[PDB]
Structures are given as C-alpha cells and as structure tokens.
file run.pdb (PDB, C-alpha atoms)
ATOM      1  CA  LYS D 110      77.134  11.094  -4.579  1.00  0.00           C
ATOM      2  CA  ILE D 111      78.831  14.470  -5.185  1.00  0.00           C
ATOM      3  CA  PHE D 112      82.216  15.975  -4.250  1.00  0.00           C
ATOM      4  CA  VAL D 113      83.090  19.305  -2.573  1.00  0.00           C
ATOM      5  CA  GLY D 114      86.207  21.336  -1.692  1.00  0.00           C
ATOM      6  CA  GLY D 115      87.128  24.570   0.126  1.00  0.00           C
ATOM      7  CA  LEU D 116      86.303  23.044   3.529  1.00  0.00           C
ATOM      8  CA  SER D 117      86.849  26.219   5.582  1.00  0.00           C
ATOM      9  CA  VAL D 118      88.092  26.018   9.192  1.00  0.00           C
ATOM     10  CA  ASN D 119      85.960  24.698  12.076  1.00  0.00           C
ATOM     11  CA  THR D 120      83.254  24.007   9.453  1.00  0.00           C
ATOM     12  CA  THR D 121      81.878  20.535  10.272  1.00  0.00           C
ATOM     13  CA  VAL D 122      79.834  18.068   8.173  1.00  0.00           C
ATOM     14  CA  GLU D 123      76.667  19.353   9.859  1.00  0.00           C
ATOM     15  CA  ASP D 124      77.488  22.447   7.785  1.00  0.00           C
ATOM     16  CA  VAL D 125      77.628  20.746   4.363  1.00  0.00           C
ATOM     17  CA  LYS D 126      74.976  18.183   5.308  1.00  0.00           C
ATOM     18  CA  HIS D 127      72.420  20.884   6.169  1.00  0.00           C
ATOM     19  CA  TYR D 128      73.850  23.012   3.340  1.00  0.00           C
ATOM     20  CA  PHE D 129      73.066  20.550   0.521  1.00  0.00           C
ATOM     21  CA  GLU D 130      70.201  18.924   2.442  1.00  0.00           C
ATOM     22  CA  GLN D 131      68.199  21.937   1.332  1.00  0.00           C
ATOM     23  CA  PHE D 132      69.592  21.231  -2.149  1.00  0.00           C
ATOM     24  CA  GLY D 133      68.445  17.591  -2.156  1.00  0.00           C
ATOM     25  CA  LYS D 134      67.770  14.584   0.092  1.00  0.00           C
ATOM     26  CA  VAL D 135      71.395  14.189   1.215  1.00  0.00           C
ATOM     27  CA  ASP D 136      71.518  10.953   3.207  1.00  0.00           C
ATOM     28  CA  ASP D 137      75.283  11.289   3.561  1.00  0.00           C
ATOM     29  CA  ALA D 138      77.357  14.489   3.807  1.00  0.00           C
ATOM     30  CA  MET D 139      81.011  14.286   4.878  1.00  0.00           C
ATOM     31  CA  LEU D 140      84.012  16.658   4.832  1.00  0.00           C
ATOM     32  CA  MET D 141      87.726  15.731   4.769  1.00  0.00           C
ATOM     33  CA  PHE D 142      90.258  18.068   6.423  1.00  0.00           C
ATOM     34  CA  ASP D 143      93.824  17.345   7.625  1.00  0.00           C
ATOM     35  CA  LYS D 144      94.893  15.244  10.642  1.00  0.00           C
ATOM     36  CA  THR D 145      95.490  17.730  13.488  1.00  0.00           C
ATOM     37  CA  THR D 146      95.471  20.387  10.735  1.00  0.00           C
ATOM     38  CA  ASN D 147      91.897  21.654  10.272  1.00  0.00           C
ATOM     39  CA  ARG D 148      93.184  24.895   8.708  1.00  0.00           C
ATOM     40  CA  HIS D 149      94.161  24.261   5.063  1.00  0.00           C
ATOM     41  CA  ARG D 150      91.547  23.400   2.405  1.00  0.00           C
ATOM     42  CA  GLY D 151      90.070  19.894   2.021  1.00  0.00           C
ATOM     43  CA  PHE D 152      87.266  18.009   0.233  1.00  0.00           C
ATOM     44  CA  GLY D 153      84.029  16.414   1.475  1.00  0.00           C
ATOM     45  CA  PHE D 154      81.828  13.709  -0.080  1.00  0.00           C
ATOM     46  CA  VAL D 155      78.083  14.452  -0.024  1.00  0.00           C
ATOM     47  CA  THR D 156      75.227  12.503  -1.651  1.00  0.00           C
ATOM     48  CA  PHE D 157      71.737  13.651  -2.690  1.00  0.00           C
ATOM     49  CA  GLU D 158      69.871  11.468  -5.223  1.00  0.00           C
ATOM     50  CA  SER D 159      68.541  14.807  -6.534  1.00  0.00           C
ATOM     51  CA  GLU D 160      70.644  14.720  -9.721  1.00  0.00           C
ATOM     52  CA  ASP D 161      68.845  17.885 -10.853  1.00  0.00           C
ATOM     53  CA  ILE D 162      70.722  20.044  -8.348  1.00  0.00           C
ATOM     54  CA  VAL D 163      73.854  17.973  -8.995  1.00  0.00           C
ATOM     55  CA  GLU D 164      73.457  19.219 -12.571  1.00  0.00           C
ATOM     56  CA  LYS D 165      73.952  22.891 -11.603  1.00  0.00           C
ATOM     57  CA  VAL D 166      75.466  22.718  -8.100  1.00  0.00           C
ATOM     58  CA  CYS D 167      78.156  20.669  -9.887  1.00  0.00           C
ATOM     59  CA  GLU D 168      79.023  23.458 -12.360  1.00  0.00           C
ATOM     60  CA  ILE D 169      79.025  26.087  -9.584  1.00  0.00           C
ATOM     61  CA  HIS D 170      82.626  27.221  -8.982  1.00  0.00           C
ATOM     62  CA  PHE D 171      81.982  29.131  -5.730  1.00  0.00           C
ATOM     63  CA  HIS D 172      79.082  27.818  -3.607  1.00  0.00           C
ATOM     64  CA  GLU D 173      78.498  29.293  -0.123  1.00  0.00           C
ATOM     65  CA  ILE D 174      79.325  27.215   2.981  1.00  0.00           C
ATOM     66  CA  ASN D 175      77.859  29.447   5.728  1.00  0.00           C
ATOM     67  CA  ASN D 176      80.710  31.938   5.217  1.00  0.00           C
ATOM     68  CA  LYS D 177      82.984  30.493   2.490  1.00  0.00           C
ATOM     69  CA  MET D 178      82.854  29.920  -1.281  1.00  0.00           C
ATOM     70  CA  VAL D 179      83.629  26.177  -1.438  1.00  0.00           C
ATOM     71  CA  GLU D 180      82.984  24.172  -4.632  1.00  0.00           C
ATOM     72  CA  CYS D 181      80.781  21.196  -5.608  1.00  0.00           C
ATOM     73  CA  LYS D 182      81.164  18.603  -8.393  1.00  0.00           C
ATOM     74  CA  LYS D 183      79.304  15.431  -9.454  1.00  0.00           C
ATOM     75  CA  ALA D 184      80.515  11.879  -8.713  1.00  0.00           C
TER      76      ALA D 184
END

call {"tool": "encode", "arguments": {"input": "run.pdb", "output": "structure tokens"}}
result
Amino acid sequence: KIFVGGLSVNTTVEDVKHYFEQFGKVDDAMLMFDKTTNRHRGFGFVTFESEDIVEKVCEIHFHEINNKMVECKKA
C-alpha cells in the first residue's frame, strides 16, 4: 500500500481512488482529514500492487489531485 498527503478540501477518496486507479489496480484508496475540520491538510492510504508506479509516484513531490499538488510515498 502507499501513502499520500495534501488532501485538499472537499476532495473525497473517490478522488484519490480514481486518481491512482489509473496508476495501478488500487483495490483500496482512502484519505484522512480532520474531524469536523476538512480544511487543513491530511494524509490518505492507497494501495495498488503495481509497485512499478509506486517506484516513481513515490518519489513525486507534487502529484495532481484534480486541482491540487498532493504527494505520494511507498508503504
């Protein structure tokens, strides 16, 4: 599974899930925000057996979540 941060506002898992789904299989794709505080930054846990993408997508320091430059690491 991989890790991600920069969870913009309103952005919902369906965003990361479909985002990395095109990057790999992605059977799981979650995002963690803040209780009654979906405004600050957070971190989501995705998972695509495709290690290949994990290889690069992990080094990326500014991915693109629909309209933001979140980040993605390996786990």

call {"tool": "resolve_selection", "arguments": {"input": "run.pdb", "expression": "the PyMOL selection byres ((chain D and resi 163) around 10)", "output": "number ranges by chain"}}
result
D: 110-112, 129, 132-133, 156-162, 164-169, 181-184

call {"tool": "resolve_selection", "arguments": {"input": "run.pdb", "expression": "the PyMOL selection byres ((chain D and resi 174) around 9)", "output": "PyMOL selection string"}}
result
chain D and resi 115-117+120+124-125+128+172-173+175-180

call {"tool": "axis_aligned_box", "arguments": {"input": "run.pdb", "around": "stretch 146-158 of chain D", "padding_each_side": "6 Å", "output": "JSON"}}
result
{"center_x": 82.7, "center_y": 18.2, "center_z": 2.8, "size_x": 37.6, "size_y": 25.4, "size_z": 28.0}

call {"tool": "residues_around", "arguments": {"input": "run.pdb", "residues": "residue D:122", "least_positions_apart": "4", "cutoff": "9 Å", "atoms": "all atoms listed in the file", "output": "list in words"}}
result
residues 126, 127, 138, 139, 140, 141 and 153 of chain D

call {"tool": "write_last_selection", "arguments": {"input": "run.pdb", "atoms": "C-alpha atoms", "output": "CSV table (one decimal), keeping the file's coordinate frame"}}
result
chain,number,residue,atom,x,y,z
D,126,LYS,CA,75.0,18.2,5.3
D,127,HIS,CA,72.4,20.9,6.2
D,138,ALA,CA,77.4,14.5,3.8
D,139,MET,CA,81.0,14.3,4.9
D,140,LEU,CA,84.0,16.7,4.8
D,141,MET,CA,87.7,15.7,4.8
D,153,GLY,CA,84.0,16.4,1.5

call {"tool": "atom_distance", "arguments": {"input": "run.pdb", "atom1": "atom CA of residue D:134", "atom2": "atom CA of residue D:148"}}
result
28.7 Å

call {"tool": "closest_residue", "arguments": {"input": "run.pdb", "among": "D:143, D:135, D:114, D:119", "to": "residue D:170", "atoms": "only C-alpha atoms"}}
result
D:114

call {"tool": "atom_distance", "arguments": {"input": "run.pdb", "atom1": "atom CA of residue D:130", "atom2": "atom CA of residue D:147"}}
result
23.2 Å

call {"tool": "closest_residue", "arguments": {"input": "run.pdb", "among": "D:131, D:171, D:152, D:145", "to": "residue D:113", "atoms": "all atoms listed in the file"}}
result
D:152

call {"tool": "decode", "arguments": {"input": "run.pdb", "residues": "stretch 128-160 of chain D", "atoms": "N, CA and C atoms", "output": "PDB file, in the first residue's frame"}}
result
ATOM      1  N   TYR D 128      -7.962   8.525  -8.988  1.00  0.00           N
ATOM      2  CA  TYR D 128      -6.660   9.147  -9.355  1.00  0.00           C
ATOM      3  C   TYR D 128      -5.587   8.072  -9.535  1.00  0.00           C
ATOM      4  N   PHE D 129      -5.300   7.319  -8.507  1.00  0.00           N
ATOM      5  CA  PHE D 129      -4.251   6.264  -8.641  1.00  0.00           C
ATOM      6  C   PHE D 129      -4.805   5.012  -9.319  1.00  0.00           C
ATOM      7  N   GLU D 130      -6.095   4.854  -9.397  1.00  0.00           N
ATOM      8  CA  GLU D 130      -6.616   3.642 -10.082  1.00  0.00           C
ATOM      9  C   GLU D 130      -6.046   3.618 -11.487  1.00  0.00           C
ATOM     10  N   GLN D 131      -5.913   4.768 -12.081  1.00  0.00           N
ATOM     11  CA  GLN D 131      -5.334   4.825 -13.439  1.00  0.00           C
ATOM     12  C   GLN D 131      -3.829   4.575 -13.331  1.00  0.00           C
ATOM     13  N   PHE D 132      -3.306   4.715 -12.143  1.00  0.00           N
ATOM     14  CA  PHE D 132      -1.852   4.483 -11.917  1.00  0.00           C
ATOM     15  C   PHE D 132      -1.606   2.998 -11.649  1.00  0.00           C
ATOM     16  N   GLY D 133      -2.580   2.319 -11.106  1.00  0.00           N
ATOM     17  CA  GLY D 133      -2.400   0.869 -10.820  1.00  0.00           C
ATOM     18  C   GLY D 133      -3.758   0.237 -10.527  1.00  0.00           C
ATOM     19  N   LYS D 134      -3.764  -0.946  -9.983  1.00  0.00           N
ATOM     20  CA  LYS D 134      -5.054  -1.617  -9.670  1.00  0.00           C
ATOM     21  C   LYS D 134      -5.822  -0.817  -8.614  1.00  0.00           C
ATOM     22  N   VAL D 135      -5.185  -0.515  -7.521  1.00  0.00           N
ATOM     23  CA  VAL D 135      -5.876   0.243  -6.441  1.00  0.00           C
ATOM     24  C   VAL D 135      -7.159  -0.470  -6.009  1.00  0.00           C
ATOM     25  N   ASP D 136      -7.038  -1.328  -5.041  1.00  0.00           N
ATOM     26  CA  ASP D 136      -8.231  -2.029  -4.506  1.00  0.00           C
ATOM     27  C   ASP D 136      -8.736  -1.203  -3.331  1.00  0.00           C
ATOM     28  N   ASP D 137      -7.832  -0.481  -2.723  1.00  0.00           N
ATOM     29  CA  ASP D 137      -8.190   0.388  -1.578  1.00  0.00           C
ATOM     30  C   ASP D 137      -7.606   1.786  -1.811  1.00  0.00           C
ATOM     31  N   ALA D 138      -8.339   2.804  -1.470  1.00  0.00           N
ATOM     32  CA  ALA D 138      -7.846   4.193  -1.660  1.00  0.00           C
ATOM     33  C   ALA D 138      -8.564   5.087  -0.657  1.00  0.00           C
ATOM     34  N   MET D 139      -7.923   5.382   0.434  1.00  0.00           N
ATOM     35  CA  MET D 139      -8.589   6.218   1.485  1.00  0.00           C
ATOM     36  C   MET D 139      -7.879   7.557   1.705  1.00  0.00           C
ATOM     37  N   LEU D 140      -8.563   8.475   2.342  1.00  0.00           N
ATOM     38  CA  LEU D 140      -7.973   9.815   2.633  1.00  0.00           C
ATOM     39  C   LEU D 140      -8.329  10.229   4.065  1.00  0.00           C
ATOM     40  N   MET D 141      -7.376  10.698   4.824  1.00  0.00           N
ATOM     41  CA  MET D 141      -7.680  11.106   6.225  1.00  0.00           C
ATOM     42  C   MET D 141      -7.665  12.632   6.357  1.00  0.00           C
ATOM     43  N   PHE D 142      -8.733  13.197   6.847  1.00  0.00           N
ATOM     44  CA  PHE D 142      -8.791  14.677   7.018  1.00  0.00           C
ATOM     45  C   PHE D 142      -8.807  15.019   8.513  1.00  0.00           C
ATOM     46  N   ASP D 143      -9.683  15.893   8.935  1.00  0.00           N
ATOM     47  CA  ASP D 143      -9.736  16.247  10.383  1.00  0.00           C
ATOM     48  C   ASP D 143     -11.191  16.268  10.864  1.00  0.00           C
ATOM     49  N   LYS D 144     -11.476  15.612  11.958  1.00  0.00           N
ATOM     50  CA  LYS D 144     -12.876  15.587  12.471  1.00  0.00           C
ATOM     51  C   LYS D 144     -13.513  16.977  12.366  1.00  0.00           C
ATOM     52  N   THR D 145     -14.648  17.069  11.729  1.00  0.00           N
ATOM     53  CA  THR D 145     -15.327  18.390  11.589  1.00  0.00           C
ATOM     54  C   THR D 145     -14.315  19.475  11.205  1.00  0.00           C
ATOM     55  N   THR D 146     -13.297  19.117  10.470  1.00  0.00           N
ATOM     56  CA  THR D 146     -12.281  20.128  10.059  1.00  0.00           C
ATOM     57  C   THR D 146     -11.677  19.733   8.708  1.00  0.00           C
ATOM     58  N   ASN D 147     -12.510  19.504   7.730  1.00  0.00           N
ATOM     59  CA  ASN D 147     -12.000  19.111   6.387  1.00  0.00           C
ATOM     60  C   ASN D 147     -11.428  20.328   5.657  1.00  0.00           C
ATOM     61  N   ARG D 148     -10.524  21.035   6.278  1.00  0.00           N
ATOM     62  CA  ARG D 148      -9.935  22.234   5.617  1.00  0.00           C
ATOM     63  C   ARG D 148      -8.406  22.147   5.606  1.00  0.00           C
ATOM     64  N   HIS D 149      -7.809  21.794   6.712  1.00  0.00           N
ATOM     65  CA  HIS D 149      -6.321  21.696   6.754  1.00  0.00           C
ATOM     66  C   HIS D 149      -5.842  20.536   5.875  1.00  0.00           C
ATOM     67  N   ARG D 150      -4.568  20.252   5.892  1.00  0.00           N
ATOM     68  CA  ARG D 150      -4.044  19.132   5.056  1.00  0.00           C
ATOM     69  C   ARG D 150      -4.164  17.807   5.815  1.00  0.00           C
ATOM     70  N   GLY D 151      -4.123  16.706   5.117  1.00  0.00           N
ATOM     71  CA  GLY D 151      -4.234  15.387   5.802  1.00  0.00           C
ATOM     72  C   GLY D 151      -3.423  14.341   5.038  1.00  0.00           C
ATOM     73  N   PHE D 152      -3.712  13.086   5.247  1.00  0.00           N
ATOM     74  CA  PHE D 152      -2.960  12.015   4.529  1.00  0.00           C
ATOM     75  C   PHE D 152      -3.879  10.825   4.256  1.00  0.00           C
ATOM     76  N   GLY D 153      -3.806  10.265   3.082  1.00  0.00           N
ATOM     77  CA  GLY D 153      -4.684   9.108   2.758  1.00  0.00           C
ATOM     78  C   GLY D 153      -3.840   7.853   2.543  1.00  0.00           C
ATOM     79  N   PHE D 154      -4.444   6.701   2.657  1.00  0.00           N
ATOM     80  CA  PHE D 154      -3.686   5.435   2.447  1.00  0.00           C
ATOM     81  C   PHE D 154      -4.236   4.714   1.215  1.00  0.00           C
ATOM     82  N   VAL D 155      -3.488   4.666   0.151  1.00  0.00           N
ATOM     83  CA  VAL D 155      -3.998   3.975  -1.068  1.00  0.00           C
ATOM     84  C   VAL D 155      -3.298   2.623  -1.204  1.00  0.00           C
ATOM     85  N   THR D 156      -3.584   1.865  -2.229  1.00  0.00           N
ATOM     86  CA  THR D 156      -2.896   0.546  -2.347  1.00  0.00           C
ATOM     87  C   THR D 156      -3.038  -0.052  -3.746  1.00  0.00           C
ATOM     88  N   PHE D 157      -1.993   0.000  -4.527  1.00  0.00           N
ATOM     89  CA  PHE D 157      -2.052  -0.610  -5.887  1.00  0.00           C
ATOM     90  C   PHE D 157      -0.856  -1.549  -6.071  1.00  0.00           C
ATOM     91  N   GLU D 158      -1.102  -2.833  -6.068  1.00  0.00           N
ATOM     92  CA  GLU D 158       0.008  -3.820  -6.222  1.00  0.00           C
ATOM     93  C   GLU D 158       1.039  -3.337  -7.246  1.00  0.00           C
ATOM     94  N   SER D 159       0.631  -2.526  -8.181  1.00  0.00           N
ATOM     95  CA  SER D 159       1.591  -2.029  -9.209  1.00  0.00           C
ATOM     96  C   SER D 159       2.784  -1.329  -8.546  1.00  0.00           C
ATOM     97  N   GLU D 160       3.745  -2.073  -8.081  1.00  0.00           N
ATOM     98  CA  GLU D 160       4.924  -1.425  -7.445  1.00  0.00           C
ATOM     99  C   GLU D 160       5.584  -0.477  -8.444  1.00  0.00           C
TER     100      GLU D 160
END
